[PDB]
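Understanding the architecture of this molecule
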Amino acid sequence: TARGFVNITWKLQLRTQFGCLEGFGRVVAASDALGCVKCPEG
Amino acid sequence: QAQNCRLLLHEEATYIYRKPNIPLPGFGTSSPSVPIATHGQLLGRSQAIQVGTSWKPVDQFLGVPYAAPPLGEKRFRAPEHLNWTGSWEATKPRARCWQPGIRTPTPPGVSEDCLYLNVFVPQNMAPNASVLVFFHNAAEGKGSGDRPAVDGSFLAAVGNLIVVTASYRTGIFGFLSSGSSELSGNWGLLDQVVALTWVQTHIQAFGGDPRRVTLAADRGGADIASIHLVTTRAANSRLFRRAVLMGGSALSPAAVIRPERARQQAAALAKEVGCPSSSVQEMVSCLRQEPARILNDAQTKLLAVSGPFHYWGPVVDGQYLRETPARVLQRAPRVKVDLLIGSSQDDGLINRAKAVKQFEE
Amino acid sequence: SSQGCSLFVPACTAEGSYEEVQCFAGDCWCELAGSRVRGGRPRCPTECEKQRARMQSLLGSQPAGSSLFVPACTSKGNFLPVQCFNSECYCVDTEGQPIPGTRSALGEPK
Amino acid sequence: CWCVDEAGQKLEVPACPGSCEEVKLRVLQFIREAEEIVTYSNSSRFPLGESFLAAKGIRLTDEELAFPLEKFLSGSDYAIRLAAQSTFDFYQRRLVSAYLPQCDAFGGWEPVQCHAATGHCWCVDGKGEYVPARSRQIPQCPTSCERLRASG
Amino acid sequence: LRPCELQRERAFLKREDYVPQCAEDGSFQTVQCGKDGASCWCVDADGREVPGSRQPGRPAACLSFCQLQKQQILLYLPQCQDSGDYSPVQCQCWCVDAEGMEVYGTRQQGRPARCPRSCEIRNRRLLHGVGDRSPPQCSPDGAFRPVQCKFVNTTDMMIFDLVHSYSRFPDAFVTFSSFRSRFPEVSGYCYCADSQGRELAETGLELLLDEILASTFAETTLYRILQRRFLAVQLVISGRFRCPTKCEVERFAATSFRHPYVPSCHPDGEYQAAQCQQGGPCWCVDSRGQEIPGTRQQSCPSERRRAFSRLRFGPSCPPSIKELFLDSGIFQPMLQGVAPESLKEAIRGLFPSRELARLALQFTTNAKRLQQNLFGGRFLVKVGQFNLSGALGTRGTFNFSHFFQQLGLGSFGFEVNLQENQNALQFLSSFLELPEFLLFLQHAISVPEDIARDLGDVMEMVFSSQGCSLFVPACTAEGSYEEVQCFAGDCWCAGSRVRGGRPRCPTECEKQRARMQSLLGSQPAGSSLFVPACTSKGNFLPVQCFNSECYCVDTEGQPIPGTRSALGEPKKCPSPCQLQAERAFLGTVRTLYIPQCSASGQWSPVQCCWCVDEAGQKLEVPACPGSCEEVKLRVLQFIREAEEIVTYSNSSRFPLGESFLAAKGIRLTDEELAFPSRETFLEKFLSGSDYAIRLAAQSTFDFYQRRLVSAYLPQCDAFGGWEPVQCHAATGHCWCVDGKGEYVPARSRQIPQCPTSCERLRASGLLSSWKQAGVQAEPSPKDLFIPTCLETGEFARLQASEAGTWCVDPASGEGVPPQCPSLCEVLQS
Amino acid sequence: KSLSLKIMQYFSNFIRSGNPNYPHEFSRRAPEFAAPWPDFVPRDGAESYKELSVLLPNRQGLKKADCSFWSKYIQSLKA
Amino acid sequence: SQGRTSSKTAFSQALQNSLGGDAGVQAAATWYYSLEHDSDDXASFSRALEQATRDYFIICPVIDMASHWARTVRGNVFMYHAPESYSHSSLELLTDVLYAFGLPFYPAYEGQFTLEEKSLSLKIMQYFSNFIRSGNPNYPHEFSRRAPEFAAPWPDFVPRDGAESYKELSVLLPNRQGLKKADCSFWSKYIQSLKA
Ligand SMILES: *[C@@H]1O[C@H](CO)[C@@H](O[C@@H]2O[C@H](CO)[C@@H](O)[C@H](O)[C@H]2NC(C)=O)[C@H](O)[C@H]1NC(C)=O
Ligand SMILES: *[C@@H]1O[C@H](CO)[C@@H](O)[C@H](O)[C@H]1NC(C)=O
Ligand SMILES: *[C@@H]1O[C@H](CO)[C@@H](O)[C@H](O)[C@H]1NC(C)=O
Ligand SMILES: *[C@@H]1O[C@H](CO)[C@@H](O)[C@H](O)[C@H]1NC(C)=O
Ligand SMILES: *[C@@H]1O[C@H](CO)[C@@H](O)[C@H](O)[C@H]1NC(C)=O
Ligand SMILES: *[C@@H]1O[C@H](CO)[C@@H](O)[C@H](O)[C@H]1NC(C)=O
Ligand SMILES: *[C@@H]1O[C@H](CO)[C@@H](O)[C@H](O)[C@H]1NC(C)=O
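What the deposited record gives as its method is cryo-EM, and the resolution it gives is 3.3 Å.

Structural notes on the overall build of chain A
Counting secondary structure elements, chain A contains zero helices and zero strands. In terms of principal-axis extent, the alpha carbons of chain A reach across some 40 × 25 × 20 Å. A buried classification covers 5% of the 42 residues belonging to chain A. Of the roughly 4600 Å² that chain A leaves accessible, carbon and sulfur atoms contribute 59%.

Comments concerning the overall build of chain D
Counting secondary structure elements, chain D contains five helices and five strands. For chain D, the sequential pattern of α-helices and β-strands runs β-β-α-α-α-α-β-β-β-α. For a compact globule of 152 residues, the expected C-alpha radius of gyration is about 15 Å, and chain D comes in at 20 Å, more than 25% above that figure. Oriented by its inertia axes, the alpha-carbon framework of chain D measures out at about 65 × 45 × 25 Å.

Focus: the nonpolar core
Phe173, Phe241, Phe325, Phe351, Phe437 and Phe440 of chain E are the most contacted members of the largest nonpolar core, which has 87 residues in total. Grouped together as the second largest cluster of nonpolar side chains are 82 residues, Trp98, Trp187, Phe206 and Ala222 of chain B included.

So, the packing of helix α3 (residues 42-59) of chain G against helix α6 (residues 181-195) of chain G
Residues and elements named next belong to chain G. Between α3 and α6, the shortest axis-to-axis distance is 10 Å and the interhelical angle comes to 80 degrees. On the basis of their axis angle, the class for α3 and α6 is roughly perpendicular. Residues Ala52, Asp55, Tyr56 and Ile59 of α3 pack against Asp183, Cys184, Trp187 and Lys195 of α6. A breakdown of the residues in the contact of α3 with α6 according to their chemical character gives five nonpolar, no polar and three charged.

Description of a negative patch on the surface
A grouping of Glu15 of chain C together with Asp62, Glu63 and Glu64 of chain D is seen on the molecular surface, where their side chains present a negatively charged patch. Topologically, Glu64 of chain D is positioned in the loop between α2 (48-55) and α3 (70-73).

Comments concerning the interface of chain E and chain D
Taken residue by residue, the interface counts 43 residues in chain E and 48 residues in chain D. Regarding the contact of chain E and chain D, the summed buried area is about 4600 Å², with carbon and sulfur atoms giving 72% of it. When residues of chain E are sorted by the area they lose upon contact with chain D, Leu656, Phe660 and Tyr704 of chain E head the list and together hold 17% of the total. Across the contact surface, chain E and chain D share zero salt bridges. Between chain E and chain D we count 14 residue pairs in polar contact in total. Those elements giving two or more residues to the side of chain E that touches chain D turn out to be α8 (300-312), α22 (658-663), α23 (678-686) and α24 (690-706) of chain E. Take the side of chain E that touches chain D: its biggest share by element is ten residues, from α24 of chain E. Tallied by class, the residues present in the side of chain E that touches chain D amount to 25 nonpolar, eleven polar and seven charged.

What to know about the state of the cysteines
Overall, the coordinates contain 36 disulfides over all chains when judged by the stated rule. Each sulfur in the disulfide pair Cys114 of chain D and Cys121 of chain D lies 2.0 Å from the other. Between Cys114 of chain D and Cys121 of chain D, the S-S torsion sits near 115 degrees, and that sign places the bridge as right-handed. Note on accessibility: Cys114 of chain D and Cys121 of chain D belong to one class, buried. Here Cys758 of chain E connects covalently by a disulfide to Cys789 of chain E, the sulfurs 2.0 Å from one another. Of this pair, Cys758 of chain E sits in helix α25 (residues 757-767) while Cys789 of chain E sits in the loop between α25 and β14 (798-801), placing them 31 residues apart in sequence. For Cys758 of chain E, a relative accessible area of 1% gives the class buried. Ordering the disulfide-forming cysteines of chain D by sequence position, one finds them joined as 1-2, 3-4, 5-6, 7-8.

Quick look at the sheet that holds strand β12 (residues 610-612) of chain E
Backbone hydrogen bonds hold the strands of a sheet together, and the pairing may be parallel or antiparallel. Residue and element names in this part refer to chain E. The strand order across the open sheet formed by three strands is β11-β12-β13, and the pairing between neighbours is antiparallel. At either end of the open sheet lies a strand with only one pairing partner, and these are β11 (606-607) and β13 (618-619). As defined by bridge partners, β12 adjoins β13 across two bridges and the pair is classed as antiparallel. Bridge pairing in β13 links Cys611 to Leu619.

Some thoughts on the UniProt feature "disulfide bond" in chain D
All names here are of chain D. Per UniProt, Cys114 and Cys121 form a disulfide, and the coordinates bear that out, putting the sulfurs 2.0 Å apart. A sulfur-sulfur distance of 2.0 Å between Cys123 and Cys141 means the disulfide UniProt records for this pair is formed in the structure. Relative accessible area serves as the criterion here: at 7%, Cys123 is assigned to the buried category. Since its relative accessible area comes to 19%, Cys141 is described here as buried.

Considerations on the arrangement of the chains
In this assembly, eleven pairs of chains are in contact, and the pair with the greatest number of contacts comprises chains D and E. Of all C-alpha pairs spanning chain A and chain B, none lies closer than 18 Å, and the two are not in contact. Separated without contact, chain B and chain E have their nearest C-alpha atoms at a distance of 10 Å.

A short note on the sheet that holds strand β8 (residues 163-166) of chain B
All names here are of chain B. Read across the open sheet, the seven strands follow the order β3-β4-β6-β8-β7-β9-β10; overall the sheet is mixed. At either end of the open sheet lies a strand with only one pairing partner, and these are β3 (45-50) and β10 (242-245). Adjacent strand axes in the sheet meet at a mean angle of 20 degrees when their direction is disregarded. Where strand β7 (residues 133-135) and strand β9 (residues 214-217) come together, two bridges link them in parallel fashion. Following the sheet pairing, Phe135 is matched in β9 by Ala217.

Some remarks on the packing of aromatic side chains
Enumeration over the complete set of coordinates arrives at 84 aromatic pairs over all chains. Between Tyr10 of chain F and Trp37 of chain F the ring centres are 5.1 Å apart and the planes differ by 85 degrees, which places this aromatic pair in the edge-to-face class. In this pair, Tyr10 of chain F sits in helix α1 (residues 2-17) while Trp37 of chain F sits in the loop between α1 and β1 (48-50), placing the two residues 27 residues apart along the sequence. For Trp37 of chain F, a relative accessible area of 15% puts it in the buried group. Taken together, the aromatic side chains of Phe69, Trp70 and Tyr73 of chain F together with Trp31, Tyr32, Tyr33, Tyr56, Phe57, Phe186, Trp187 and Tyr190 of chain G make up a single cluster linked through ring pairs. Taking the ring centre of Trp29 of chain C as reference, the NZ or CZ of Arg36 of chain C above it sits at 3.9 Å.

Cut-offs used in this document
Residues numbered from 1 in each chain as written, not as in the entry; some residues may be left out. Chains lettered and ligands numbered in written order. Part of a larger assembly, values for the part shown. Heavy atoms only, no water. Residues with missing side-chain atoms left out of burial classes, pairs and counts. Helix = DSSP H or I, 4+ residues; strand = E, 2+ residues; numbered from the N terminus. Buried < 20%, exposed > 50% of the residue type's maximum accessible area, 1.4 Å probe, protein only. Areas by Shrake-Rupley, 256 points an atom, 1.4 Å probe, with all protein chains shown as cover. Rg over C-alpha atoms; globule rule 2.2 N^0.38 Å. Core = buried A, V, L, I, M, F, W, Y, C linked by side-chain atoms within 4.5 Å. Axes fitted to C-alpha atoms, helices over the stretch in contact; angles between N-to-C directions. Parallel < 35°, antiparallel > 145°, perpendicular 65-115°, else oblique. Contact = heavy atoms within 4.5 Å. Nonpolar A, V, L, I, M, F, W, Y, C, P; charged D, E, K, R; others polar. Patch = residues over 30% accessible without salt bridge, like charges linked within 9 Å, V, L, I, M, F, W, Y side chains within 5 Å. Salt bridge = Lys/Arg side-chain N within 4 Å of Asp/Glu carboxyl O. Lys, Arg positive; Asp, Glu negative; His and termini not counted. Charge placed at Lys NZ, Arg CZ, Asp CG, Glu CD. Buried area = accessible area lost by both parts, 1.4 Å probe. Polar contact = N/O pair within 3.5 Å; in protein donor to acceptor, adjacent residues only side chain to side chain. Disulfide = S-S within 2.5 Å. Pairing = 2+ DSSP bridges. UniProt positions renumbered as here; feature names shortened; annotations may be inferred. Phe/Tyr/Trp six-rings, centres within 6.5 Å; stacked < 30°, edge-to-face > 60°. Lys NZ or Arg CZ within 6 Å of the ring centre and 35° of its normal.

Written out as structure tokens, the structure reads:
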């Protein structure tokens, strides 16, 4: 990080495979659209 | 297309609760029998107005008196509280004032008893709504007995405010002064400062707020209206917070007529109709007998700008107005009155006398 | 004939017949004044707009305080449904001609 | 027969679109026009000079060229968009988008409109007119009546 | 002081060959340096040097204190913010100051929602009883107010306690009259304070309180008056209505300590965009001073990108601030009566917060009276002429003696331009008693806080919009908004939009001409100043005169030494070719192309080799074409371009639509489309021009003619000279031209015969005696001759005149170096 | 009908707040229906007003030439 | 050079000398040209006073004479106006005498005049030579009405308010109409009436 930045991942909250914030959990949508609903009380 | 209202909030919130508006005693039905104190019920009517595709119900109290009908011996003297009682049928626009150049025979709905103010209050709105006392003398043609000349329901609805549309007597009837101690005055300016105390007192009965009145006035009658921005009231009871003068100002050349001009500007009238212009007491006591038709065929004759061009306006009388408006405006401000002043290019001293020329022809 | 009057080519309709809307280099005008619209296309003045402009120009001659008929046109250019002159309004057809009947006075729903 | 909008203007039983679907057929037609350009270029029966010359409003008539563009002659922003879509496509899809509104099943505008790609999901009234951002929780906005009721 | 300054001060006095550079906050700079920038080694807060760093130069962004303390533990872990500094709350989930040692009472199970700033701790730490009993004035965000003010008991010189006196006697502070009647022997004392609240050096200014409900005394009108006076006195001292900023304290300290890295800043106060350490690398820097992660060694491309998105959407300036401030005269009179800086900060010192300006503008109702209320009198005007020095000012810590010893009777490295400060302070005075100012506050208060944090930032964004469809800007390398933007035929460089052709940028000459013309409008009538004259293209005219003294000028309008003759006498001064020669000589030996000019001064035909026209402009041993051969090569190249277009289309290599985009100047770039000659073709159309239209028309005609199943090239003689009679070669209307292709005044019979270059010239010289020079150097009226033409048309070999005869070449009436050279003989050389 | 509905809001904001741009005297949210109505300041540099035309554009110097004749010259001639 | 320069007295004196030398005419001119004689800045007072003196002395009388020469017909009239040119001070000659006499072509002033100026001067020299020869700048011979080719025709000055044309001695040499209608209307009608 001292330079302004083994497995290194630079995940940006809003190559380059989309994901989502942990606790939401992605959807069958693989890689494109809308995805990663908020996980319900279940 | 459609009017889309929505609240303003200082910051997001989860639950938002709004308390519904409770109509004041009298409203809610389609005959809003408003009880105004020390008189009784003042029952008007309701009408639904369309602006976009959406309608707003607006209560309309057309023809609410604010002064005894200046007929007969109450002609060239200041107005006074009508002292009515019981139930007023404020559901039909009333007769409009006599104006220069009224086509003969006198058309329907023109008479000296023209001191009536229409009130247009939307159905239900905020507790302390604002008011707009628009001083407008309807023209000869506008108005069909069912509807007022300037409806004002449409400004009331798209502003959520009350719109009082007062009329007032103008011409000789309003302003036949003689600069002297016996007949000087601006009766039409004294009876449009009585349509503002009425709005001061009995507008709480409607949804209005006495502290937010807004004295407006149109072409030519905004030189008369703007004399309130320079007259000194008691200064404890202001009669308006703002002023929307459309087409005039206190500073115009003819905003007030000089006494020596006024004194002779009525001697011409008195001679013209046939009265003896020897002394005011004997002169005015003769005009008080002349029918309005004969007395308004005279002013239109004197008022044409190719011969005399006798314009009648607010004299200075010491009691109500004491100093010329140019000299009053030199003094320092005492109360901050906003102002939305303006004019139109279609205006013009010959356009306002349009009715007089058609009479001269 | 000299009255009035770079790399521009005019368009042509069938059998000569100078085409209405001539375009060039981002301009397009239908010449006649008040037609240059930079980008897009202009609309040829409808019959209404021609009568409006003529009557407006003729208005300048009339003495102040007097008025005459200046038909009002919609945004596209059609005559308004109702044309008033002086307290007497008549509903007009497409080319601004009064419809028989329907000549009520001003200030009453029609 | 055919069907027109409430102004009477021609609209290309012939039951035909609602508030939005017509606004969507325009976008569908637009992409169709853009693809028509790319395939004409691929077939190569038009010169570049023709496109430019039309851009300047100097199209050539087949009457003076008996040997054998309405999109471009009118130098309108729609033509600019169409040409830009055409050229972007050609290069992109030779070696190797347009916002069409989301609609409901009955042809009425869906309350919440999304750009479908890095979307800034605004929401529209019952006639597609936007009513007042890559934000989380793509906003929920009122249907046609929940807007009328909230106002009323 | 702090762990540093004690070490720092000691080194300076002792002269040890290293001074431990430490910034504001009295904390060691992460990257120290040696006595002469030889080897900058980076250290930690204690002052130890990291063993793995001694490199010469500047270490590449050495690790910050938080991590340099974090990784120590590994051989609780601090949570270092992205900037490398401690997070405000560590995590028992307590929170910490900006040094590492936790604030006292903050140990909690969960994260505190918000725990105090650097000031609120000092105030609370004052009630607990460690420090002099005078609470520092805290900014609402929690930081120290820039201008601290602590009263002083004039007797025995002990600070006047305020946590007690204000607590018990809060009414005494309602006004200055009340205060004096309760604590007569108190004389205020205002000073600037750094980020840590520590008193700055030699900036205290002991006011006088003799002649001039809230809480905390940091909101009472006493303070706000007592610091508006201090800032006013500072405007004279320093020139800016504010205390020295975080940058300037470091720069003054760096200049005073003469260490290698002296930070660079501009009177705005913010850190300069790029600070260049002397004796090593430079680098960009942010507002806080943190080096950008790598820059060791403007807004077009974003705007370009955004415009493209608006195209991608397919079919289907600040907000409301230009037409309330700039349109109406609520702003225009504000600047006129110095600098935006002195006007930016003259409304942070006044009205520190928007909730105050609202109060101020409702209790004044009188523009003239405003300056009386704010400063408790006519202070600042009394400050311009130094009437304060005896009235209010007093022995504090600024040494007005030394300040005046350089004057007639700077603070933090500020050069004192005393006349400008007196002008600037006066400017505020009239600006403050200005009726339009009250309206400005009424509007500046309204603007949403998100776009303007405070009234100071309100004012920039309205300065920034002083002037202020489907267009995409072009872009050069590294942003660099391109000079000439084209769209839909328009092309504008930015007061000149011209249709069609690509416009020309205003040369330096034209810019100077316009500036001096505008400055002429101010000058009184009958007086004049220098307005340099520019040629058609834009170059400076060879001779520039001012008044009876004319000096020939070089390329960029700089007088040449010598040649300063008086007006009205022939001045022969370097030809444009020789000026370009000297300019290129200087330019090309100053970086460590040569135009060589004919002896007469004109551009030599061959330049290098290659050949150019008489103006010296580049023209595509190489023999050069004649007057018409070049005009023919142009047409040949044009037909070649048209065929290139047709055979590009026949290759289906170019999208049908792109050629349209060029007409609208939206040629898109291959930086954003790296898939691909594509650019080369689009250069022809991009600048929508008559040439482009002609080329497109020719290409289309060719494509639709020769796909299934012209251009007038001029006729020329054997020597490249224009033929007298030019025919269109097909249904010809055979006009005839002069000796340089310029037409001189129909499918007629007997195609016209028109005179050669000399029969025309001889006929002219016979009819009207417009003779021709023989020597070209101020010929006497005898050196002139009427050309003698032999029969067929060419110039006679030998041309005579009353003064003598000379041999000329029959091609053109131009002499030759000498019997008499004949055509083939002159062509031999 | 659409221009009139932008001027019934300038004249209703004024009746309510005293400043046609803002409908509430305790909320300075800028207006969106039409362009801001600038306060009239008498300075000759710019004394803006509102041209009640279709676009509702602000202008300046209503009648500089003609109302300097009456206000400055003729008023002098009155003496 | 003599030392005495502008002062408070001069401001109200100069205006009086230049425009008066009357009391009502001065008020009218002071309003019309906004000559704030009290304002103590020669930079602006003088710049607004040169305009008044130019209108009164230099440019309206050369329109009054043109109109009176055309009306009570005394022969052709051709009016020209040479717009303000900021370039050539240090020549005590204005842009219509240093174009009508070929100042650009002088050997002394070589390199001081752009080729645009030299071409314009040549066109204007042709206009003035045509006038000197034939009496009508368009036609160089009084017995041949061939239209001029060098520049646009110079229209005869007819005093009708509908169109009273003149030639603007600028680079393009365009014809214009109504040289100074407002200001010379002021001076010729209002002030002249006010003289009585
Ligand atoms: C210089 O400052 C002195 C003292 O501050 C001024 O003297 C005061 O003047 C004001 C009004 O100008 C009076 O209200 C005070 O009573 C005066 N006080 C004293 C002690 O003299 C002085 O006016 C300022 N100006 C000059 C020119 O000296
Ligand atoms: C109204 O009635 C009251 C008595 O209640 C009386 O004193 C007053 O004079 C009356 N006003 C008029 C106009 O009669
Ligand atoms: C607002 O409304 C109530 C009645 O609903 C009125 O009594 C009150 O006085 C009004 N507000 C003020 C400040 O008067
Ligand atoms: C159309 O483009 C495609 C994609 O590059 C290409 O395969 C094909 O050859 C083109 N059409 C023809 C007839 O070449
Ligand atoms: C200031 O010093 C004197 C010294 O005797 C002290 O008594 C006095 O109380 C101090 N000032 C105040 C206001 O207390
Ligand atoms: C003020 O400046 C001079 C400059 O040398 C210094 O000697 C003197 O001690 C200073 N006076 C004070 C009170 O600091
Ligand atoms: C275009 O190409 C075809 C073959 O692909 C050829 O027969 C034709 O002559 C070419 N036309 C031109 C103008 O090059």
